[PDB]
Amino acid sequence: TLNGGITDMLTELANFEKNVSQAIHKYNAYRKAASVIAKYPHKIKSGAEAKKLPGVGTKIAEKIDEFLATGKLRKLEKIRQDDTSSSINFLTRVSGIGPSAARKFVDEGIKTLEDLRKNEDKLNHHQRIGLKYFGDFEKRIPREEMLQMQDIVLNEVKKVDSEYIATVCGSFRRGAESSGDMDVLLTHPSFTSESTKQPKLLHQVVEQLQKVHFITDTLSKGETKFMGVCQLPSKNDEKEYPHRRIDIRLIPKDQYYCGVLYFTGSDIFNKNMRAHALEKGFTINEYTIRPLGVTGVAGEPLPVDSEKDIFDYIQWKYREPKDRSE
DNA sequence: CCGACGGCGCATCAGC
DNA sequence: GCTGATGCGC
DNA sequence: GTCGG
Ligand SMILES: Nc1ccn([C@H]2C[C@H](O)[C@@H](COP(=O)(O)OP(=O)(O)OP(=O)(O)O)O2)c(=O)n1
Ligand SMILES: [Ca+2]
Ligand SMILES: [Ca+2]
Ligand SMILES: [Cl-]
Ligand SMILES: [Cl-]
Ligand SMILES: [Cl-]
Ligand SMILES: [Cl-]
Ligand code: NA
Ligand code: NA
């Protein structure tokens with residue numbers, strides 16, 4: 001909360017550039033500025049002070065001078081007062097509706113939750129489920145429930161094959177007291193970088209969790225990534241638990257460390273870590289870290305035995321999951 | 001109309 | 001069907 | 001919008 005005023009300001013501007021201006025690179029620049037400011041251990045006193053930080057330029061500095069002097073920003077005042085910009089921004093909050101669909105919908109006079117409910121014929125399956133659970137999906141998950149959820153998934157996976165190993169990642173793994181959704185990393189010795197010895201490895205797991213009624217709906221589903229919905233069982237004369245988003249990712253067993261690094265996040269941390277790589281002369285994805293060369297073609301994968309190894313290649317020193325909340 | 005800016009899975013469309 | 005783009009998602 | 005070639 002040290003500089004919460006300023007970081008809240010820049011996050012709002014970011015959300016506007018992404019969802020309204022359709023300017024993904026201005027969105028990324030605002031989020032980077034908010035992030036570097038959030039890890040700064042002093043209270044900012046002027047724009048000039050701010051401009052010293054990497055990712056803060058002439059324009060963001062003038063905006064900080066205005067906020068510090070007046071407690072608000074005229075630019076954001078007007079944006080808030082623009083009903084068209086507000087509707088576009090709101091619609092993107094539904095799972096499956098992005099900037100293009102939101103602007104299309106608003107150009108067509110659809111701009112409220114009610115408007116979507118009576119125009120479902122304009123929505124695809126993904127968007128309909130996002131609508132169904134919109135309230136449920138706005139809510140966060142107390143760590144106590146994340147624990148119950150973890151116990152169910154691990155027990156059912158084990159009943160399918162004792163050789164599976166399931167790991168809960170994302171903000172949960174970063175130690176957060178509440179999470180936005182559940183992310184499950186899955187491995188099995190049958191699936192490696194070399195060969196796919198077992199068919200429907202992901203399918204057998206999804207199908208058992210559906211059989212005991214933990215997973216309730218599917219958003220998308222392929223050979224390695226499941227995106228859907230789940231719910232804990234409740235007691236009689238007891239309010240139902242909210243439905244929750246769940247993501248499952250089957251990663252080759254020999255690529256577990258790059259996988260868990262990617263799946264732990266946070267997102268801006270990943271963006272910032274992969275950017276440092278590029279100027280260190282490497283490129284990191286969820287499968288490998290590689291060195292690059294003169295034609296823009298990446299080299300062979302480098303050896304990896306832990307998460308620390310990846311930090312090493314780029315001369316960052318290790319950071320516990322709880323310190324990756326950039 | 002300096003141009004890059006992190007990287008990719010799944011679903012769908014344009015022009016073959 | 002393909003390749004290459006787009007759109008939304010992690 | 002920021003930075004750097
Ligand atoms: N643009 C993104 C979004 C996500 N991720 C990775 C890092 C995230 O931690 C992980 C899961 O994404 P989530 O949206 O579930 O984000 P979190 O778990 O970190 O936060 P929370 O679910 O609490 O909102 O995927 C990423 O690399 N790039
Ligand atoms: Ca999550
Ligand atoms: Ca997630
Ligand atoms: Cl942009
Ligand atoms: Cl303001
Ligand atoms: Cl690895
Ligand atoms: Cl790869
Ligand atoms: Na700067
Ligand atoms: Na959305």
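A note on names: the letters A, B, ... follow the listed sequences, proteins ahead of strands, and every chain is numbered from 1.
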Within the distance-only criterion (no hydrogens, no angle test), does the side chain of A/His188 pair as donor or acceptor with the backbone N or O of A/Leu250 below 3.5 angstrom? no

Nearest-angstrom distance, P atom, D/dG5 to B/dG6: 16 Å

Does a side-chain N or O of A/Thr283 approach OP1 or OP2 of B/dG7 to a distance below 4.0 Å, or not? yes

Which listed nucleotide (C/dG7, B/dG7, D/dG1) is nearest to the side chain of A/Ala29? D/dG1

What's the CG-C1' distance between A/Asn270 and B/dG7, to the nearest Å? 9 Å

Pair A/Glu207 + A/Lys200: basic N to acidic O under 4.0 Å: no

Would you indicate what A/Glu286 reaches in the nucleic acid, counting non-hydrogen atoms under 4.0 angstrom: base, sugar-phosphate, or nothing? sugar-phosphate

For atom CD1 of A/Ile251 and atom P of B/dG9, their distance in whole Å: 9 Å

Using the torsion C1'-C2'-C3'-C4', state whether the ribose or deoxyribose of D/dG1 falls on the north (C3'-endo) or south (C2'-endo) side. south

Report yes or no: do A/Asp254 and A/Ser193 form a side-chain donor-acceptor pair below 3.5 Å? yes

A/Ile37 CD1 - D/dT2 P separation (whole Å): 11 Å

Taking the same atom, P, in C/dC8 and in B/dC5, what whole-Å distance lies between them? 22 Å

C/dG9 phosphate, OP1 or OP2: any side-chain N/O from A/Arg245 under 4.0 angstrom? no

Give the rounded distance in Å between these two atoms: CZ of A/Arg31 and P of B/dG6. 12 Å

From D/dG1, C/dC10, C/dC8, pick the nucleotide closest to the side chain of A/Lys63? D/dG1

Nearest-neighbour nucleotide for the A/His25 side chain, D/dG1, C/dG9, B/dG7 considered: D/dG1

I want to check one thing: is the phosphate of B/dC8, taken as OP1 and OP2, less than 4.0 Å away from some side-chain N or O of A/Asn285? yes

Under the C1'-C2'-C3'-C4' criterion, what is the pucker of the sugar in C/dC10: north or south? north

Hey, does A/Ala101 reach any base, or is it just sugar-phosphate, or nothing, if we go heavy atoms under 4.0 Å? sugar-phosphate

Pairing of A/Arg249 and A/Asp247 as salt bridge, 4.0 angstrom limit: no

Within less than 4.0 Å of OP1 or OP2 of B/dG9, is there a side-chain N or O belonging to A/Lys225? no

Send over the distance from A/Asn28 CG to D/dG1 P, rounded to a whole Å. 14 Å

What distance, rounded to whole Å, do you find between the two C1' atoms, one in B/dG3 and one in C/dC10? 28 Å

Roughly how many Å apart are B/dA4 and C/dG9, using the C1' atom of each and rounding to a whole number? 23 Å

So what does A/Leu185 touch, heavy atoms closer than 4.0 Å: a base, only the sugar-phosphate, or nothing? nothing

Contact class for A/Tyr287 (heavy atom, under 4.0 Å): base, sugar-phosphate, or nothing? sugar-phosphate

What's the gap between B/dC8 and D/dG1 when it is taken at their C1' atoms, as a whole Å value? 25 Å

My understanding is that a pair needs two contacts under 3.5 Å, Watson-Crick or G-U wobble. By that rule, which nucleotide pairs with D/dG5? none

Round to a whole Å and report the spacing from OH of A/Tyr262 to P of B/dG6. 16 Å

Checking all strands, does A/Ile97 fall into the base, sugar-phosphate, or nothing category for heavy-atom contacts under 4.0 angstrom? sugar-phosphate

Check each of A/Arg174, A/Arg319, A/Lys271 against A/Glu326 using the salt bridge (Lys or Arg N to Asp or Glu O under 4.0 Å) test, and report the only one that passes. A/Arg319

Roughly, in whole Å, what's the span from CZ in A/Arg128 to P in B/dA11? 17 Å

Can a side-chain donor-acceptor contact be found between A/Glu49 and A/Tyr40 if the only test is distance below 3.5 angstrom? yes

Base, sugar-phosphate alone, or nothing: which one does A/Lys271 contact when heavy atoms must sit under 4.0 Å apart? base

Ring centres under 6.0 Å, that's the criterion: do A/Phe282 and A/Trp316 meet it? no

Choosing from D/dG1, C/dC8, B/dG6, which nucleotide comes nearest the side chain of A/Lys26? D/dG1

Respond yes when some side-chain nitrogen or oxygen of A/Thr224 is under 4.0 Å from OP1 or OP2 of B/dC10, and no when none is. yes

Starting at atom CD1 of A/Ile24, determine the distance to atom P of B/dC8, rounded to an integer number of angstrom. 17 Å

Any base atoms under 4.0 Å from A/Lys32, or only sugar-phosphate, or nothing? Heavy atoms, all strands. nothing

A/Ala14 versus A/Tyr30, closest heavy-atom pair with distance: CB-CB, 3.5 Å

With sugar-phosphate meaning primed atoms plus P, OP1 and OP2, does A/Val94 contact a base, only sugar-phosphate, or nothing at under 4.0 Å between heavy atoms? sugar-phosphate

For C/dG9, does the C1'-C2'-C3'-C4' torsion put the sugar north or south? north

Looking across every strand, which nucleic acid part, if any, lies under 4.0 Å from A/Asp183 by heavy atom: base, sugar-phosphate, or nothing? sugar-phosphate

